[PDB]
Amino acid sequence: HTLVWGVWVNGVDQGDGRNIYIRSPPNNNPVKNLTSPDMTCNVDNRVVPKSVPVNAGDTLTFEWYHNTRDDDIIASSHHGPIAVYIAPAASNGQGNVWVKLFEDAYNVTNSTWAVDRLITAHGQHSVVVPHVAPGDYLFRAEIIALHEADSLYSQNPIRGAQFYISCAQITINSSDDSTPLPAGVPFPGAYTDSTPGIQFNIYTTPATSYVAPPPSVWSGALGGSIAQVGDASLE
């Protein structure tokens, strides 16, 4: 159970974005139904009044939290990967529009899942804004908690992989459009019951065998990291 509080741009806090520039759901409950429209931008997908201005090459940092800002972030039970996707805002996340900018599953040298590292990073993870067409975009941050993912939701609706999905409204202002945005995948639709990474047993299968759900990260993506960039406590 986790939610996005807001974002930072180039290490600068853009302020509380809940229902402002984040299409926030009413609570931190997971989405589990892979076929539901809730997969796109969670359960209250609507236009919110603000969209955060950034330029290509900026660092955009999502900040997550559990109950209050900079708290335990997400229960440490919730081991799993983290991905960020982008689509143009005009799609409203419909269609084959979602392009992967970032993927982190398990780090063998540190022996930590992306979620493990997100807690250490005080809820913060980032992507570098790509050289896509200027315009309005949705950035869809997705955490998959795998602690009940030995079952499939479709088969047993009290279990299954859990998706903590948050869509940020982001306006790319300065960009040369030198890496125009390629074809995307649909959410819902990209993840199905046979998709690698959706059904997995973290308690018996080595984490080093884990493979995250495709698609693979776009070659045009400029980078990203799970790491604290700013200190909320001074805010």
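Numbering starts at 1 and runs along the sequence shown.
- Mean CA temperature factor is higher for 105-113 when stretches 105-113 and 155-163 are set side by side in the entry.
- In this entry, 170-178 shows the higher mean Cα temperature factor of the pair 59-67 and 170-178.
- Among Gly11, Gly17, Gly220, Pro25, the highest C-alpha B-factor in the deposited entry belongs to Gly220.
- The maximum CA B-factor among the listed residues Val47, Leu34, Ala207, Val54, taken from the PDB record, is found at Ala207.
- For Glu142, the recorded CA temperature factor ranks within the lowest third of the chain's modelled residues.
- In the PDB entry, a CA B factor belonging to the highest third of its chain's modelled residues is recorded for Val99.
- For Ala90, the recorded CA B-factor ranks within the highest third of the chain. Only modelled residues enter the ranking.
- When the CA B factors of the chain's modelled residues are split into thirds, the value for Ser233 lands in the highest one.
- In the deposited entry, the Cα temperature factor of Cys41 sits in the bottom third of values across the chain's modelled residues.
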